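Here is the structure we will look at.
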Amino acid sequence: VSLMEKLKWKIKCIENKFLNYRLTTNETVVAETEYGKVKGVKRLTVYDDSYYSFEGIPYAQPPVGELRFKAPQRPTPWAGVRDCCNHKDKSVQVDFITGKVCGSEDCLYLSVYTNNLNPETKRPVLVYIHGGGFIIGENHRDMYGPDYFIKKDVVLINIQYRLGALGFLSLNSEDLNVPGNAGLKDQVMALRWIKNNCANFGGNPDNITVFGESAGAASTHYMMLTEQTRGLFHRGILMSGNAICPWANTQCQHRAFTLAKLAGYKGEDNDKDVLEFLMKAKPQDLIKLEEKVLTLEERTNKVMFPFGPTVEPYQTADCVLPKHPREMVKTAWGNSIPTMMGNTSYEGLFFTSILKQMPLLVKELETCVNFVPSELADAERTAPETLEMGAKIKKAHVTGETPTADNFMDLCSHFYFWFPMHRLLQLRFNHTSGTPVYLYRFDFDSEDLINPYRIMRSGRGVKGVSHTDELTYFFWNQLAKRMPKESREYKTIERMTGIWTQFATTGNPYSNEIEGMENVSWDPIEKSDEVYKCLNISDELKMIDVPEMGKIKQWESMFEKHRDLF
Ligand SMILES: *[B]([O])([O])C1=[C][C]=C2[C]=[C][C]=[C]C2=[C]1
């Protein structure tokens, strides 16, 4: 975090405020909801388009006081008209630029957008779930502006949900009603709201697509796995993530005590007293301290976050994750809806800024033992089996006699994204009606149009297509500009919003009306396939064999003598 990047962020925040006002119109409107009337307004885009905007729609009771760490409750209906011409605050979190805690405990809202409140036909409804490691993110239009998607005749909905310890505290004690996954339960309630109210905004409740990137993709997957959401939607898109990625879940039940102690709790480790203390702490204190919870051992074993989605220790009415996601894949209703998955062509490039602050990490590639899947590794990672397995990973990613930064980031692409995708695909194939899954590979590189995550990963001057690089061609953000109609950036926006809208509509991502798809034949993956095929999205759109396949198989070989765990 550099203060050049902070003042420039501050000014760009000042520019966004002014530009947001300028793009507002006097055309206010009112829609019905099952909780009562809401007022939206129409807004403009830098491409001189327009959309109706409804923000700050509550799908839940504000989870403050006694509701903190609890499952969300249905909100209270109102007489009259709720104001929805302004956004609400984001979930309490550390601002990844300024480094200070921001946002609010009062954050359970969604936003609805559409270019036409009164469409002649019922429209496809796309529900976006933002990523951010389940610890940062927002549905604010400064990061996720609908300006591109509203060029299309869809209804787009952006949700928030509780982040970090406030979203994912978990306690073993059944008396306390904090089993965990509050934030995922937030997601479930927002979906239930969407199913029952999208018609009011011109949306077809029988054609809803959920999609998300990173932790949003893992989230989308959880919404496809849990029985809580059965039938609530009809297509799913997992962008650079799913629920069996190693970062997408953790058993965090022991960590609440550690948080409390970091916050000055005095007493013993029992769930009741830990909870009573955590209930009274300022929310900003728990979030700022969240960074210190993980032990050095956990960090070494690649646990990324102290609080996240978890296997709930006991069952409740609102339980989302009754067992490990791999098990949930066995019985998952979501296995039988049209699915599209994909990754970018150099995911691990995202880890530059972290590698820069911790150069020693590259030495981990000398044996690679710390990247062996945890379920296979011994605790000390000194077992000869673990050294053998680490050697397989090393052979896959270390190019010379000494490991480099790029070898590290390439390995990261597979550890965090490609290999879990592979495991999910093969697992899913053993438990599905036969509905298609399509693979894309996002391979479009540009520095002419960016999003704020590039400022976070310090990918300025850096070639390749990182984790989150594709967000730029889906959503408006306050660093974006109006691009020339014939620019490669503008055309990629059209293709990406076009493919996504196409799949949402029909469950098949192909359309010959999308420019560049003239010679594309986009077939979904079959159980019998030994080599994955994917739509490689670059300046050219091209069906190719997944380049990463060789390394994927090499990761898979670690499981040769433990096939039951694959
Ligand atoms: B994604 O933005 O939810 C995401 C954030 C941070 C990560 C750290 C380590 C591995 C994977 C990540 C994904």
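Residue names in the structure tokens use chain letters A, B, ... in the order shown, residue numbers from 1 in each chain, and ligand numbers from 1 in the order shown.
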key: At most 7 Å from ligand 1 (only C-alpha atoms and all ligand atoms): residue list as an NGL selection string   = :A and (131-134 or 213-216 or 247 or 304 or 416 or 468)
Could those selected residues go to a file with N, CA and C atoms, as an mmCIF file, in the first residue's frame?
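Printed below is result-v7.cif as written:
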data_model
loop_
_atom_site.group_PDB
_atom_site.id
_atom_site.type_symbol
_atom_site.label_atom_id
_atom_site.label_comp_id
_atom_site.auth_asym_id
_atom_site.auth_seq_id
_atom_site.Cartn_x
_atom_site.Cartn_y
_atom_site.Cartn_z
ATOM 1 N N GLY A 131 -16.307 -11.884 -5.490
ATOM 2 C CA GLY A 131 -15.234 -12.525 -4.751
ATOM 3 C C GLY A 131 -14.584 -11.587 -3.736
ATOM 4 N N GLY A 132 -13.388 -11.957 -3.288
ATOM 5 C CA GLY A 132 -12.697 -11.201 -2.258
ATOM 6 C C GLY A 132 -12.287 -12.061 -1.064
ATOM 7 N N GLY A 133 -12.087 -13.351 -1.318
ATOM 8 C CA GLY A 133 -11.640 -14.293 -0.292
ATOM 9 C C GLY A 133 -12.573 -14.468 0.895
ATOM 10 N N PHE A 134 -13.821 -14.046 0.709
ATOM 11 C CA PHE A 134 -14.844 -14.015 1.753
ATOM 12 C C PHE A 134 -14.458 -13.002 2.841
ATOM 13 N N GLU A 213 -16.964 -14.711 -9.346
ATOM 14 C CA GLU A 213 -15.538 -14.927 -9.591
ATOM 15 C C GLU A 213 -14.789 -15.094 -8.253
ATOM 16 N N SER A 214 -13.727 -15.916 -8.218
ATOM 17 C CA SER A 214 -13.055 -16.208 -6.944
ATOM 18 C C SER A 214 -13.975 -16.773 -5.874
ATOM 19 N N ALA A 215 -13.941 -16.157 -4.698
ATOM 20 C CA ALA A 215 -14.816 -16.587 -3.626
ATOM 21 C C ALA A 215 -16.290 -16.497 -4.047
ATOM 22 N N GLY A 216 -16.617 -15.615 -5.004
ATOM 23 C CA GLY A 216 -17.934 -15.635 -5.617
ATOM 24 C C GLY A 216 -18.211 -16.901 -6.430
ATOM 25 N N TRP A 247 -8.575 -23.009 -0.598
ATOM 26 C CA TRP A 247 -8.848 -21.716 0.068
ATOM 27 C C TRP A 247 -10.346 -21.437 0.334
ATOM 28 N N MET A 304 -5.313 -19.936 3.884
ATOM 29 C CA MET A 304 -5.254 -18.532 3.461
ATOM 30 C C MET A 304 -5.991 -17.575 4.410
ATOM 31 N N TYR A 416 -4.342 -23.484 -6.627
ATOM 32 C CA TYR A 416 -5.518 -22.757 -6.208
ATOM 33 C C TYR A 416 -6.684 -22.835 -7.181
ATOM 34 N N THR A 468 -8.689 -12.334 -11.668
ATOM 35 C CA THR A 468 -9.515 -11.096 -11.689
ATOM 36 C C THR A 468 -9.360 -10.208 -12.935
#
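Using only C-alpha atoms, the contacts of residue 227 in chain A at a cut-off of 9 Å, with sequence neighbours closer than 5 positions omitted, comprise residues 320, 331, 332 and 333 of chain A.
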Just-selected residues, C-alpha atoms written as a PDB file, in the first residue's frame:
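selection-v3.pdb was written with the following content:
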ATOM      1  CA  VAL A 320     -25.894 -24.858   4.332  1.00  0.00           C
ATOM      2  CA  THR A 331     -26.017 -35.553  -3.848  1.00  0.00           C
ATOM      3  CA  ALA A 332     -26.047 -32.049  -5.283  1.00  0.00           C
ATOM      4  CA  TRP A 333     -29.083 -30.837  -7.235  1.00  0.00           C
TER       5      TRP A 333
END
key: Separation of CA of residue 211 in chain A from CA of residue 236 in chain A, in Å and rounded to one decimal   = 5.8 Å
request  = Fewer than 2 positions away in the same chain doesn't count, so skip those; otherwise give me all residues within 10 Å of residue 443 in chain A, counting only C-alpha atoms, as a PyMOL selection string.
outcome  = chain A and resi 343-346+440-441+445+464-466+469-470+535-541
Suppose we keep N, CA, C and O atoms; can you now write the selection as a CSV table (one decimal), in the first residue's frame?
chain,number,residue,atom,x,y,z
A,343,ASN,N,-11.1,-20.5,-16.1
A,343,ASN,CA,-10.0,-19.8,-15.5
A,343,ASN,C,-9.3,-18.9,-16.5
A,343,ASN,O,-9.5,-19.0,-17.7
A,344,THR,N,-8.5,-18.0,-16.0
A,344,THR,CA,-7.6,-17.1,-16.8
A,344,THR,C,-6.4,-17.9,-17.2
A,344,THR,O,-6.1,-18.9,-16.6
A,345,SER,N,-5.6,-17.3,-18.1
A,345,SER,CA,-4.5,-18.1,-18.7
A,345,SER,C,-3.2,-18.0,-17.9
A,345,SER,O,-2.2,-18.8,-18.0
A,346,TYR,N,-3.2,-17.1,-16.9
A,346,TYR,CA,-2.1,-17.0,-16.0
A,346,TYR,C,-2.5,-16.6,-14.6
A,346,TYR,O,-2.1,-15.5,-14.1
A,440,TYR,N,-14.3,-22.4,-20.4
A,440,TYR,CA,-13.6,-21.3,-21.1
A,440,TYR,C,-12.2,-21.1,-20.5
A,440,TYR,O,-12.0,-21.6,-19.4
A,441,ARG,N,-11.4,-20.4,-21.2
A,441,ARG,CA,-10.1,-20.1,-20.8
A,441,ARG,C,-9.8,-18.6,-21.2
A,441,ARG,O,-9.7,-18.3,-22.4
A,445,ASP,N,-5.3,-10.1,-22.9
A,445,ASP,CA,-4.4,-9.2,-22.1
A,445,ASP,C,-4.4,-7.7,-22.6
A,445,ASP,O,-4.2,-7.5,-23.8
A,464,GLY,N,0.7,-10.9,-19.1
A,464,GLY,CA,0.0,-12.1,-18.7
A,464,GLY,C,-1.4,-11.8,-18.2
A,464,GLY,O,-1.7,-10.6,-17.8
A,465,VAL,N,-2.3,-12.8,-18.0
A,465,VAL,CA,-3.7,-12.6,-17.7
A,465,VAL,C,-4.0,-13.2,-16.3
A,465,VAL,O,-4.2,-14.4,-16.1
A,466,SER,N,-4.0,-12.3,-15.3
A,466,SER,CA,-4.0,-12.7,-13.9
A,466,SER,C,-5.4,-13.1,-13.5
A,466,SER,O,-6.4,-12.7,-14.1
A,469,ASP,N,-8.4,-10.5,-13.8
A,469,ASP,CA,-8.2,-9.6,-15.0
A,469,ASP,C,-9.5,-9.6,-15.9
A,469,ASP,O,-9.7,-8.6,-16.6
A,470,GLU,N,-10.3,-10.6,-15.8
A,470,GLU,CA,-11.5,-10.7,-16.7
A,470,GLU,C,-12.7,-9.8,-16.2
A,470,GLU,O,-13.6,-9.5,-16.9
A,535,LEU,N,-13.0,-23.1,-24.7
A,535,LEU,CA,-13.0,-21.9,-25.6
A,535,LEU,C,-11.9,-21.0,-25.1
A,535,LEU,O,-12.1,-20.3,-24.0
A,536,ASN,N,-10.8,-20.9,-25.8
A,536,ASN,CA,-9.8,-19.9,-25.5
A,536,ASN,C,-10.2,-18.5,-26.0
A,536,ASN,O,-10.2,-18.2,-27.2
A,537,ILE,N,-10.4,-17.6,-25.0
A,537,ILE,CA,-10.8,-16.2,-25.3
A,537,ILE,C,-9.7,-15.2,-25.4
A,537,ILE,O,-9.2,-14.8,-24.3
A,538,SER,N,-9.3,-14.9,-26.6
A,538,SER,CA,-8.2,-13.9,-26.7
A,538,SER,C,-8.7,-12.9,-27.7
A,538,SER,O,-9.9,-12.7,-27.8
A,539,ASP,N,-7.7,-12.2,-28.4
A,539,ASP,CA,-8.2,-11.4,-29.6
A,539,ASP,C,-8.9,-12.3,-30.6
A,539,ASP,O,-9.9,-11.8,-31.2
A,540,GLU,N,-8.5,-13.5,-30.7
A,540,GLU,CA,-9.2,-14.6,-31.4
A,540,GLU,C,-10.0,-15.5,-30.4
A,540,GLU,O,-9.4,-15.8,-29.3
A,541,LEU,N,-11.2,-15.9,-30.8
A,541,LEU,CA,-11.9,-16.9,-30.1
A,541,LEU,C,-11.7,-18.3,-30.7
A,541,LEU,O,-12.0,-18.5,-31.8
Test item, strand (DSSP E or B) assignment across range 44-249 of chain A, answer as a PyMOL selection string = chain A and resi 44+50-58+81-83+91+93-94+101-102+104+109-114+123-129+145+155-159+203-213+235-239
Limited to C-alpha atoms, could you put the picked residues into a file as a tab-separated table (two decimals), in the first residue's frame?
chain	number	residue	atom	x	y	z
A	44	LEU	CA	-26.47	6.78	-17.66
A	50	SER	CA	-29.29	3.93	-19.70
A	51	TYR	CA	-30.62	1.57	-17.02
A	52	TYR	CA	-33.04	1.64	-14.08
A	53	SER	CA	-31.15	1.32	-10.80
A	54	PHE	CA	-32.41	-0.02	-7.48
A	55	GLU	CA	-29.86	-0.28	-4.67
A	56	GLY	CA	-30.18	-0.87	-0.94
A	57	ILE	CA	-32.92	-3.45	-1.18
A	58	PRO	CA	-32.77	-5.44	2.09
A	81	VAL	CA	-42.01	3.43	-0.36
A	82	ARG	CA	-38.45	2.50	0.60
A	83	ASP	CA	-35.81	4.77	-0.92
A	91	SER	CA	-19.71	-5.48	4.79
A	93	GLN	CA	-13.72	-5.24	5.98
A	94	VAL	CA	-10.20	-3.91	5.63
A	101	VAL	CA	-11.36	-0.80	8.40
A	102	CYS	CA	-14.42	0.39	6.47
A	104	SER	CA	-20.89	-1.55	8.20
A	109	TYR	CA	-28.64	-5.62	0.62
A	110	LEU	CA	-28.89	-6.36	-3.08
A	111	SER	CA	-29.09	-4.11	-6.15
A	112	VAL	CA	-31.34	-4.64	-9.19
A	113	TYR	CA	-30.64	-3.24	-12.68
A	114	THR	CA	-32.33	-3.41	-16.13
A	123	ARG	CA	-36.11	-11.69	-19.18
A	124	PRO	CA	-33.19	-13.90	-18.06
A	125	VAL	CA	-31.97	-12.97	-14.54
A	126	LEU	CA	-28.26	-12.97	-13.76
A	127	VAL	CA	-27.24	-12.88	-10.09
A	128	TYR	CA	-23.62	-11.86	-9.43
A	129	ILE	CA	-21.75	-12.92	-6.26
A	145	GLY	CA	-21.09	-1.38	-12.32
A	155	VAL	CA	-31.99	-8.27	-15.42
A	156	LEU	CA	-28.70	-8.12	-13.43
A	157	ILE	CA	-28.64	-8.44	-9.64
A	158	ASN	CA	-25.60	-7.83	-7.40
A	159	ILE	CA	-25.69	-9.07	-3.83
A	203	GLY	CA	-37.36	-10.97	-14.86
A	204	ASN	CA	-38.27	-14.59	-15.57
A	205	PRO	CA	-38.13	-16.47	-12.25
A	206	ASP	CA	-37.90	-19.68	-14.25
A	207	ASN	CA	-34.64	-18.63	-15.94
A	208	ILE	CA	-32.15	-17.39	-13.30
A	209	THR	CA	-28.36	-17.75	-13.67
A	210	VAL	CA	-26.02	-17.44	-10.67
A	211	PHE	CA	-22.37	-16.49	-11.35
A	212	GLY	CA	-19.32	-15.24	-9.44
A	213	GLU	CA	-15.54	-14.93	-9.59
A	235	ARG	CA	-27.65	-22.14	-14.81
A	236	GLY	CA	-24.34	-21.68	-12.98
A	237	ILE	CA	-21.05	-20.03	-13.92
A	238	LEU	CA	-17.89	-20.68	-11.87
A	239	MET	CA	-15.28	-18.06	-12.73
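For the set A:269, A:312, A:290, A:518, the residue with the smallest atom-to-atom gap to residue 250 in chain A is A:312, counting only C-alpha atoms.
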Hey, which bits of range 92-173 of chain A sit within 12 Å of range 6-19 of chain A, and for each residue what's the closest pair of atoms and how far apart in Å (one decimal), counting only C-alpha atoms, rows by chain and increasing number, as a tab-separated table?
residue	atom	partner	partner_atom	distance
A:95	CA	A:6	CA	10.8
A:96	CA	A:6	CA	10.3
A:97	CA	A:6	CA	6.4
A:98	CA	A:6	CA	6.2
A:99	CA	A:6	CA	9.6
A:100	CA	A:6	CA	11.5
A:140	CA	A:16	CA	11.2
A:141	CA	A:16	CA	9.5
A:142	CA	A:16	CA	7.0
A:143	CA	A:16	CA	10.6
A:145	CA	A:16	CA	11.5
File of the preceding selection, N, CA, C and O atoms, as a JSON list (two decimals), in the first residue's frame:
[["chain", "number", "residue", "atom", "x", "y", "z"],
["A", 95, "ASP", "N", -10.17, -2.08, 4.03],
["A", 95, "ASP", "CA", -10.00, -1.50, 2.70],
["A", 95, "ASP", "C", -8.63, -1.90, 2.19],
["A", 95, "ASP", "O", -7.61, -1.56, 2.80],
["A", 96, "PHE", "N", -8.60, -2.62, 1.08],
["A", 96, "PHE", "CA", -7.36, -3.17, 0.55],
["A", 96, "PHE", "C", -6.42, -2.11, -0.03],
["A", 96, "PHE", "O", -5.27, -2.42, -0.32],
["A", 97, "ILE", "N", -6.90, -0.88, -0.18],
["A", 97, "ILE", "CA", -6.02, 0.24, -0.54],
["A", 97, "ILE", "C", -5.58, 1.01, 0.70],
["A", 97, "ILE", "O", -4.40, 1.00, 1.06],
["A", 98, "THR", "N", -6.53, 1.66, 1.37],
["A", 98, "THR", "CA", -6.20, 2.52, 2.50],
["A", 98, "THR", "C", -5.64, 1.74, 3.69],
["A", 98, "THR", "O", -4.77, 2.22, 4.41],
["A", 99, "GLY", "N", -6.12, 0.51, 3.88],
["A", 99, "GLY", "CA", -5.60, -0.34, 4.94],
["A", 99, "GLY", "C", -6.33, -0.15, 6.26],
["A", 99, "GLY", "O", -6.01, -0.81, 7.25],
["A", 100, "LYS", "N", -7.32, 0.74, 6.26],
["A", 100, "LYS", "CA", -8.16, 0.98, 7.43],
["A", 100, "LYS", "C", -9.45, 0.19, 7.30],
["A", 100, "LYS", "O", -9.89, -0.14, 6.19],
["A", 140, "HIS", "N", -21.10, -2.28, -4.74],
["A", 140, "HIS", "CA", -21.03, -0.88, -5.18],
["A", 140, "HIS", "C", -20.64, -0.77, -6.66],
["A", 140, "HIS", "O", -19.82, -1.55, -7.18],
["A", 141, "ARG", "N", -21.21, 0.21, -7.35],
["A", 141, "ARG", "CA", -21.02, 0.29, -8.79],
["A", 141, "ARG", "C", -19.66, 0.86, -9.15],
["A", 141, "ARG", "O", -19.30, 0.91, -10.33],
["A", 142, "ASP", "N", -18.88, 1.26, -8.13],
["A", 142, "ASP", "CA", -17.50, 1.72, -8.34],
["A", 142, "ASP", "C", -16.57, 0.53, -8.57],
["A", 142, "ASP", "O", -15.44, 0.68, -9.05],
["A", 143, "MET", "N", -17.06, -0.65, -8.24],
["A", 143, "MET", "CA", -16.30, -1.86, -8.50],
["A", 143, "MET", "C", -17.09, -2.79, -9.42],
["A", 143, "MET", "O", -16.52, -3.39, -10.32],
["A", 145, "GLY", "N", -20.08, -2.12, -11.59],
["A", 145, "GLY", "CA", -21.09, -1.38, -12.32],
["A", 145, "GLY", "C", -21.68, -2.22, -13.45],
["A", 145, "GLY", "O", -20.93, -2.90, -14.17]]
